[PDB]
There are 4 protein chains.
Amino acid sequence: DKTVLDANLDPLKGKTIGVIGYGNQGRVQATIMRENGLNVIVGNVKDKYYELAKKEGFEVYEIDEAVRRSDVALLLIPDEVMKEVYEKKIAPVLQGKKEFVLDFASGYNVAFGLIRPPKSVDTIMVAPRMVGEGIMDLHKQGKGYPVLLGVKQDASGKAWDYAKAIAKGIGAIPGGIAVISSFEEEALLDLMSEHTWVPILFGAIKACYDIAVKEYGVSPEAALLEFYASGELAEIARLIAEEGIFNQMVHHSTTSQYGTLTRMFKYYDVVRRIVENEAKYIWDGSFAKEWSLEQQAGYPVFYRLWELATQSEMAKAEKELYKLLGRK
Amino acid sequence: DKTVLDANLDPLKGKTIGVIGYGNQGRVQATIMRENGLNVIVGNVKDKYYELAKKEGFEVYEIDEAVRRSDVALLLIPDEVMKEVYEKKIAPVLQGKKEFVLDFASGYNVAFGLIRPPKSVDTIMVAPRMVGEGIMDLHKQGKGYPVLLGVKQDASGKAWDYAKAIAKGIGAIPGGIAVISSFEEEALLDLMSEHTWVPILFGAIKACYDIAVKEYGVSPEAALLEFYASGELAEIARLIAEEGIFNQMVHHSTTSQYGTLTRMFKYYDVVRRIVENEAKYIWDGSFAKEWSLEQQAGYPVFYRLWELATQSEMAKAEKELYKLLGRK
Amino acid sequence: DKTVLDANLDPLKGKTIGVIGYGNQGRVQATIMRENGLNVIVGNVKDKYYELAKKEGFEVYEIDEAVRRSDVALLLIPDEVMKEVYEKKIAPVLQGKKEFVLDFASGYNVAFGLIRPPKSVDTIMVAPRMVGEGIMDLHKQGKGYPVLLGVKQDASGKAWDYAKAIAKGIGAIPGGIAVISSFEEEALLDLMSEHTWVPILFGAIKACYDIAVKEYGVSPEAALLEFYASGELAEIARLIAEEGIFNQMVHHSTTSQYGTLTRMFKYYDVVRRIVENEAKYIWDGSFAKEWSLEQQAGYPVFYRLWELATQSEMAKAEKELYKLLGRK
Amino acid sequence: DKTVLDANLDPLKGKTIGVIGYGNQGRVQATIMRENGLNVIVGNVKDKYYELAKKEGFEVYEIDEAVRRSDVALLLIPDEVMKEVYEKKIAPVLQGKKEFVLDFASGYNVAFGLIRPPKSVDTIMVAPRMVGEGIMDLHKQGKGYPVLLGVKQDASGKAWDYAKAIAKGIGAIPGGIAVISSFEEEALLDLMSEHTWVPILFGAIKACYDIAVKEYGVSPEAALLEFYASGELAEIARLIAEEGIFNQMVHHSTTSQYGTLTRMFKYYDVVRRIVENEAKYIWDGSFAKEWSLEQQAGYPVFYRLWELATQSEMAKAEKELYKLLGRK
Ligand SMILES: [Mg+2]
Ligand SMILES: [Mg+2]
Ligand SMILES: [Mg+2]
Ligand SMILES: [Mg+2]
Ligand SMILES: [Mg+2]
Ligand SMILES: [Mg+2]
Ligand SMILES: [Mg+2]
Ligand SMILES: [Mg+2]
């Protein structure tokens, strides 16, 4: 298979590594690889995070100054402001560099060409598949966790080895796994979830509520308990994560099993259509354009939709209810 | 008719002419009108082209400094960066001008309002219909060549005479012809080709290849020889340029003639529909918006499509083949 | 792969070869294989071509008399009159033959069953992919060129070896290549081009002209210069043949690239449909019937369409223009 | 206008004229131009018509022998067997001719390319618009009648003058008129009537009968009297020919006028569609192919449809009725 379970750690030994950004991923991975025996500096703009970063024992300079001292840089910052940070501060210093390894956690800005590093650089990806908080919950146990790897540009014949070395340094392998993939195959996946089954789920729940209340005379206080105000969803999700998606359904009643299976096979093509459309929209580079242009215009649609959703009937009722259950 | 075969050359005699840009068109036309007895300066930003330009005997200043010394300016630079060059460097000096003639080779930026010169200026067009390289191949022979002319703004009652004078200076007439037209009628035409029959041709060839290989069991090495890897296309194009489009078909077999004619009349309306749609899209100013916005967003779609086309099956096979024929 | 680069020449040495027909292919290949050390006779009906053929040093008899002296025959005559020539003159003599190799340049009449030679014969194909004139332009340079090969009927266990021997004799390999294929895979390809992208191209150009003139007020003298009366087409075709189809587009402006790519991917399915339909029409044997029946009826449709095309508006305008440019 | 009322008669004086065929048109026109002072020979194959032809005082030879003695030939024979008569007998002699005028009454075989005379010949048309019988009914009165004229090929600069001379010789002008037109504009018209309004009329009558009998309980003996077994139709046709198409309706009742006008404007587009389709079918040369192929196959469809029509219910009833009225 394409699965890597463990690999060597030598190429990073002797070099210095700069961790750009000290958010969730930055903090965690920085700490872990400081623990695995590697000299690390941190680069950040001076605010709260800078205080905490220098508190935890890391020597900190400005971003560009950190890029100069480093043979490897990890850009662990949001994808929404990385472009400007790169053009302003990193790209010049980088033109003033020799043999550089550039690692990312997301492939959005590179897959779609918004960041185009030079040829003297090894361009790689090491993408976790976690919230970021739970990686420490799993690290103290000595457990690994999964990651995706990719190489966009190789000028050293060793980029894959550097990728695996990083994968080990961050503490994902051994114990977890590491899949080799592309920048594209990562952005595509990350976006497909956000565009296909999450919103469909939310809309279906909303529609169930609306229909039940406005057509069958149900009370708002009752529909919410059944549809999402109860913790049935998280339970089912846990059983999925642990026992398996279909095997999870054994613990339910046969009536439920039958209805679920029948209707799953009944409405399958309908959603496959949607998924096809959205995946095609992404692969072509259209959504990136949409999103960049909305940023430039001032986020009007974003604003209006946030207002509509929060000022909906279901949300008002949920507010009253949570106010009543005591849940904050 | 509207066709002009030769005209006077006096209005440009006594004046100075500045040639902004020294690319293909710039170099050629600059040289020609230096040869036809006119004092010429060149304006360019300092790089390789500046070296060659001063080498060939032209006195060169910066752009703005050239606009100051000139009563006429020819903006022979790409349409993709002319807007900024105009707003930064030319428009101020031009506000500090008196009686100025402004000539373009393309009407894209003026037809759609991206460049709006003042009223003290004569705004004209002189548009060649060549690659640019072959104009010298035709000049040494004393041959002319065709051009289009247009006037957008007249403040001197002599703009057409200036246009014809330029047409002669560049060496298009006499021997060739000069059609009088609009900025709009030039942009429209230039874009219609790029949007209607070129891409349709390419897609049809691609589809022929795909179908033949994936449905009738043909080898990739064979389909390419028939469809485009042979030089039949260029031959047919030459016969079209010389003998005529339909008369060209005499040299082929009657079987070919019959099939071609029948299927040409069969599928005519289908493509007429497409051409209508695209021409309407252009006339309204929508494509200009599309293209400007893609520039502002960072060329994501451009990037992705360039990748898809080059990483297609046909392209890989063509690479192997050309590698085999010895053709580079 | 299936590609053959060079092979032996022995099986043809000791045998005699008759070249039926002395047109373009006949003349060229006859001369070449006379030069490569093979005894050759020529068979033709007595007219101008017979004079030239006996002039160039070939001994000539009537067709049947040439088939009698020959162990191999090359039928290099039009596909439109080969059927009668075969039934009248060749098939009888051939019934009076022993061990015969029959080679064709086109597979139309054999693929569709219009010519069905007996079992005592080796039926083969050697199909050039050139105009015929340029093969000499490439021969004096020692350059090869590509061909397709096929075997329809083998009664000697050596038909493929004979095919490769012929391929070498005609001077295609070495230096070029030789693909092994079928009679069907040759007729199909030759006809698909004549039915799919050539007529689509012509109709699209015609539609562009008609629309521009009758809906946007453009002059006829101007549309023609842009669409086909200029030599841009042949240039693009040459760059395709040499540099590659997509790589060719680097030399153009980014505006052109963007529009072309977008519209190519936009209108792809539309033409794929057409190509599917026409390829299916061919594979089934329907077009052969259509064409044979039109021959029998007297070419009325052919006639009328030739009239309509030549008496069209675009053609009249093109006549006036070419009359004006000086181009004949 | 394009209308010719009378013209000169000199070019035919001194020449000899051969009238190929002695049917209706042949007999009539031959006689008339013998009366107008012109030497005439007749060419026909030897049967009944030959007897009558030599009876009426014309010297008769075989076809080819008549073409040899003649400077002008009129091919007044059916369009269904003219092709073979031309290829066998006329075309050879004609290759052995010098300065020849070839006249036709119909343009079917020339418009669609089934007969292609050489360049040494003046190819003309003189097309009557009569049954042929009534031309004598109009000649004794000194009345002219209308004809159409056309020129397909001119090699003498006098073809139109020859056409008008013929028009006068046949006795159409003066008194009638002569319109100048094309071979195409004659075949098109002659066929459009046979394909559009004649069959539509017949089918509408048939449908009226069928509906009335099988859905409203009318007797067959009654429907026929109303729809066509009475002479109302011929009366209306005469009033049309004489008074005018719309003015004809004054003699009818206002109820009839109102219904007719309303329904005429109501169903106009429906039939315009049909007429468009059929005219396009003709202009392209498709019907000629259809008809030629049915001839070659043996007239199966013709046969079957003749059977179906005659063995229909309406026809049986009409037979009984006519048997009853005494009308034969
Ligand atoms: Mg995400
Ligand atoms: Mg995700
Ligand atoms: Mg362009
Ligand atoms: Mg162009
Ligand atoms: Mg062909
Ligand atoms: Mg071909
Ligand atoms: Mg008729
Ligand atoms: Mg009629």
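Throughout, protein chains are lettered first and strands after them, A, B, ... in sequence-line order, and every chain is numbered starting at 1. Both ligands and their constituent atoms are indexed starting at 1 by order of listing.
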Practice task
Determine whether C:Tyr108 and C:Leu114 make a side-chain contact, defined as any pair of heavy atoms from C-beta on separated by less than 4.5 Å.
Solution key: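 They are in side-chain contact.
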Handout entry: Name, closest N/O/S atom of D:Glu194 to the Mg ion (ligand 7)
Key =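 The Mg ion (ligand 7) is closest to the D:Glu194 atom OE2, counting only N, O or S.
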Practice task
Kindly give the atom name of the N, O or S atom of D:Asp190 closest to the Mg ion (ligand 7).
Solution key: OD2
Practice task
Assert yes or no for the condition that the ring centre distance of C:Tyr281 to C:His195 is strictly below 6.0 Å.
Solution key: no
Problem - More than 12 heavy atoms of other groups within 6.0 Å of B:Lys266 NZ - result: no
Practice task
Using the six-membered ring wherever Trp is involved, compare the ring planes of B:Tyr216 and C:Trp283 and label them parallel, tilted or perpendicular (cut-offs 30° and 60°).
Solution key: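 B:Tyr216 and C:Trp283: perpendicular rings.
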Problem - Metal proximity, B:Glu226 vs the Mg ion (ligand 6), N/O/S cut-off 2.8 Å - result: yes
